[PDB]
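Given next, in structure tokens, is a single chain: the form deposited in one PDB entry.
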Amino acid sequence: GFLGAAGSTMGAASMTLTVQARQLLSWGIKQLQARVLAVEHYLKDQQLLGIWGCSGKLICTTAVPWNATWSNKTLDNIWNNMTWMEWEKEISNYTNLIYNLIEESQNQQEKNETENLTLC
């Protein structure tokens, strides 16, 4: 069910990403603004995923080792004994700067594909 995994652990919840994804897009100014806003949010997230090398993926591992702070929990404490809501609270901070690192890394990799990385 839609959002039914919210109280489930992160591992189990990773199997419903398409359940939520389908539901992220699904006086007349009021209704048009509601539809345009939903479209803008969808495209905003898709552009962010595509500026990163994550386009078309549901699970995307990027070119970023973990840096100082960012997370205070290990893999088992996060994936098996914690929910995604608890995780969002756990990392409610550290929600920026990493995006520019990923963006620059992806742009550097795409340039490298035409200069020195697995070249032409």
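For clarity, a rigid core is taken as the largest C-alpha set superposing within 1.5 Å between two forms. Numbering starts at 1 and follows the sequence shown. Residues that one form lacks are left out of the comparison.
The following text describes the form deposited in another entry, which does not appear among the structures shown.
- Relative to the superposed rigid core, residue 33 undergoes a CA displacement smaller than 2 Å between this form and the one not shown.
- For residue 51, a C-alpha deviation below 2 angstroms is recorded between this form and the one not shown after rigid-core alignment.
- In the core-superposed comparison between this form and the one not shown, the C-alpha atom of residue 91 has shifted by at least 2 angstroms.
- Legend note: Cα of residue 77 to Cα of residue 17 is at least 3 Å farther in the other entry than in the depicted form.
- Here's the thing about residue 19 and residue 56: their CA atoms end up at least 3 Å closer in the other entry than they are in this form.
- Core-superposed comparison between this form and the one not shown: residues with C-alpha shifts of 2 Å or more form runs of three or more at 14-26, 89-92.
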